Amino acid sequence: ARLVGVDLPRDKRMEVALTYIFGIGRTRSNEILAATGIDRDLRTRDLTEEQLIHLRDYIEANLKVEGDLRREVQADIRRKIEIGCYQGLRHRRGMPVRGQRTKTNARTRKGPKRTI
Amino acid sequence: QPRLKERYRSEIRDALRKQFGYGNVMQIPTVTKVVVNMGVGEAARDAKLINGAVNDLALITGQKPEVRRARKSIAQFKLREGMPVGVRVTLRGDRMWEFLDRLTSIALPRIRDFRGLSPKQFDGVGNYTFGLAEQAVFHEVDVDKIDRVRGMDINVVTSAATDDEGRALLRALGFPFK
Amino acid sequence: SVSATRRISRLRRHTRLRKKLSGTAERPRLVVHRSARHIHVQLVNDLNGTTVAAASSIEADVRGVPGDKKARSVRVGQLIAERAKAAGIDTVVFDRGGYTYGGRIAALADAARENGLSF
Amino acid sequence: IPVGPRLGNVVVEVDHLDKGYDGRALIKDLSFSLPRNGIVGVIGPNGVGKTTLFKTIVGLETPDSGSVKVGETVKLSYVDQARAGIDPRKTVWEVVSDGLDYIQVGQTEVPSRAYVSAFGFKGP
Amino acid sequence: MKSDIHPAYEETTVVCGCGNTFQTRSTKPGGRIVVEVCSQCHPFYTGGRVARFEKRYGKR
RNA sequence: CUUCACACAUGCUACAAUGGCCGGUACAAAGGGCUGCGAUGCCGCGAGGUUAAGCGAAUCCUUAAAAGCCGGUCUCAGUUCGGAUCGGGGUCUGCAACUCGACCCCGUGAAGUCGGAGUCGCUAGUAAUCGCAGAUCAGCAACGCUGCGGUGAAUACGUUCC
RNA sequence: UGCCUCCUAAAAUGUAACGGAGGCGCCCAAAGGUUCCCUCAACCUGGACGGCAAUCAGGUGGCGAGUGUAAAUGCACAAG
Ligand SMILES: [Mg+2]
Ligand SMILES: [Mg+2]
Ligand SMILES: [Mg+2]
Ligand SMILES: [Mg+2]
Ligand SMILES: [Mg+2]
Ligand SMILES: [Mg+2]
Ligand SMILES: [Mg+2]
Ligand SMILES: [Mg+2]
Ligand SMILES: [Mg+2]
Ligand SMILES: [Mg+2]
Ligand SMILES: [Mg+2]
Ligand SMILES: [Mg+2]
Ligand SMILES: [Mg+2]
Ligand SMILES: [Mg+2]
Ligand SMILES: [Zn+2]
């Protein structure tokens with residue numbers, strides 16, 4: 001059942017089914033399903049089209065979802081780079097930016113081992 | 001009797017004479033063919049395009065398409081000559097004007113985060129070509145009973161002489177430009 | 001231009017069968033020429049290029065014949081079948097003009113096999 | 001044999017399977033669950049329903065009562081002896097392939113003539 | 001070739017969630033296609049750092 | 001003193017159903033506190049904010065122990081497992097949090113499906129696991145160290161081999 | 001060491017050398033016959049994955065592609 005262009009997977013409870021939208025976690029998925037009137041323990045295959053109109057307008061007026069959230073995150077990284085801040089130089093090289101330890105770790109911002 | 005063809009010779013046909021000063025009424029542009037192809041380049045392996053690109057364009061466009069072979073062999077792309085690599089349909093007449101309506105009205109705003117189609121995509125003569133994403137947007141195929149997702153590109157061929165003459169035609173049919 | 005393509009690609013087909021079918025004074029060539037409105041026909045004798053008989057659907061006898069365009073093709077086929085026999089011709093080769101043999105041109109020839117010509 | 005992708009914990013689940021073509025019953029109250037990384041041998045005399053048992057797992061038949069459950073990591077591999085089989089005037093190269101040069105044996109690219117030659121059919 | 005090779009292409013009734021409806025010809029079985037967005041209810045069919053400083057702190 | 005193609009070492013959190021999450025609900029011990037502990041009430045989704053009772057303390061505060069019990073939900077999936085990384089928005093302490101603080105919220109949701117050769121601890125309230133407090137300290141990189149209690153096992157024929 | 005093609009070969013044919021370059025000891029049940037239809041390569045503009053180049057659309061393009069197989073004579077009227 002398409003909601004924002006995300007294709008909610010069938011046979012999944014609606015408190016969890018909204019979390020596959022980029023920009024909605026477990027906390028937002030409680031308050032999406034409190035404004036409309038949809039109970040949490042509802043399967044997504046029993047999802048009436050009259051219900052799905054009630055959460056294609058509360059999301060597009062109060063949250064930020066695919067496309068125009070993902071174009072903000074890769075624009076906020078883009079802002080830090082050309083101004084030449086410390087986190088911009090640290091975003092170019094792929095080294096971790098929040099003052100992490102880079103001597104024995106930081107295998108997520110880097111790849112696997114190189115073993116010189 | 002399609003509703004976009006009768007809308008063409010009701011106000012689009014008259015509006016093109018005021019914007020461009022045509023002497024004779026035979027000079028007014030008109031879309032002639034809409035060419036839709038898949039371009040299944042990953043058919044040089046695994047040989048699955050019969051259910052792939054034939055049983056879905058027939059659902060989208062209406063008629064069975066043409067399996068196109070390949071002209072010459074390319075070693076870097078791992079195909080040889082005469083290998084089925086593309087699938088194409090051609091829409092003329094009443095099924096064409098029923099396709100440009102069903103594209104712009106119900107289909108084309110199902111592109112994910114749709115913002116429009118670029119009007120810089122003319123060839124220089126007055127013909128238009130745009131691409132799509134997958135076996136989404138057209139409702140006639142279903143999201144369940146399909147194979148891997150595959151996109152397309154759609155040619156729109158007009159009788160117009162220059163670009164902005166063909167831009168004024170496709171503007172009045174309902175194409176969203178930006 | 002869809003009209004320039006049709007003329008260029010019908011004097012190419014008409015030259016395709018002209019390599020093999022000429023027509024002489026003993027066996028003339030029944031050239032057909034078909035338009036949307038009429039059909040024209042002439043026996044040409046390609047050794048000096050001199051027509052010996054002609055018929056068309058623009059003279060008033062063919063024009064007042066009832067029926068569709070195939071019915072007016074039977075009448076022009078009967079006319080050149082009885083104008084060639086008034087010039088001493090009984091055997092001819094048939095020239096398609098570059099068209100598909102069928103429909104109106106097939107009804108011209110089949111009307112001229114019942115009335116004297118012997119192809 | 002080419003290795004497939006990683007297999008999960010549920011391979012095939014069968015819960016109270018019934019299969020029959022007439023008043024004769026072949027399978028009645030059968031419950032099992034196929035393991036992972038093993039070999040299951042099926043035993044029976046002639047005309048007892050061994051091949052109909054495979055055709056409920058691949059889905060080419062339909063259970064009368066009870067269900068078969070597969071599981072999202074399972075990708076099968078099975079060809080009947082009778083529904084398409086082989087074609088008696090296509091060559092052995094264009095039955096494995098379909099006239100193509102390179103084929104997909106599961107997320108890898110191998111040549112078709114290097115694949116039929118791995119199965120004995122070598123040379124002309 | 002134009003005889004039962006192509007799939008069935010019969011007249012089709014479309015409706016939207018807006019309430020808009022029209023009538024075309026499509027291959028959907030039943031001719032009862034129901035969409036949730038159309039050309040008359042979709043957006044785009046109808047329409048700094050200094051200012052973000054000032055809401056947090058204010059003017060000097 | 002915190003750098004980073006890498007290499008080793010001691011830990012913590014994991015890979016799930018003897019589990020996650022949600023609602024209810026029972027049982028400690030040892031400690032700290034006037035340049036402090038902040039009850040209660042109100043405000044804040046929360047970290048906190050404000051007002052201020054009581055206490056140099058078996059009196060008042062720190063103090064709701066968590067595992068557990070009962071009920072519901074998920075149904076074996078890189079998932080309602082895992083919570084790394086990163087984006088945005090806040091609090092507090094301090095003259096000051098960019099290099100370099102912890103905490104909170106919202107979003108993002110990486111490796112990981114029990115680990116090669118090899119190696120380590122432990123013989124009973126032990127091991128395994130669950131929390132709580134102290135010292136240093138404005139705050140804190142506290143998963144460390146020194147302590148505290150909760151639940152609570154398996155085996156030991158025997159002295160050939162290491 | 002026999003057979004096919006070109007230069008040597010001196011504008012018919014022919015012409016030698018342990019002169020200069022290559023092929024052949026097949027293949028095709030259609031790649032044979034016939035009727036009918038079509039025009040290529042390269043380049044340029046636009047286009048989901050798509051890149052110099054897959055498939056699509058439009059311009060320009062008279063032979064620069066192609067010919068089961070060497071090379072010559074030919075073939076766009078096509079013998080493609
Ligand atoms: Mg140090
Ligand atoms: Mg979790
Ligand atoms: Mg609880
Ligand atoms: Mg409160
Ligand atoms: Mg329980
Ligand atoms: Mg698992
Ligand atoms: Mg992995
Ligand atoms: Mg001891
Ligand atoms: Mg401290
Ligand atoms: Mg000579
Ligand atoms: Mg001479
Ligand atoms: Mg030799
Ligand atoms: Mg043939
Ligand atoms: Mg040919
Ligand atoms: Zn609408």
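We number each residue from 1, going along the chain as drawn.
Cβ from N, Cα, C; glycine included.
Within its own chain, D:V48 (ATP 2 binding site) has D:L26 as residues 6 or more apart in sequence whose C-beta sits under 8 angstroms from its own. The ATP 2 binding site annotation in Swiss-Prot covers D:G44, D:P45, D:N46, D:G47, D:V48, D:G49, D:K50, D:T51 and rests on sequence analysis.
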Counting Cβ neighbours within 10 Å across all chains shown, tell me which of the binding-site residues D:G44, D:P45, D:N46, D:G49, D:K50 comes out on top.
D:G49
With every protein chain in view, what's the tally of Cβ atoms within 10 Å of the Cβ of D:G47 (ATP 2 binding site), excluding that atom itself?
8
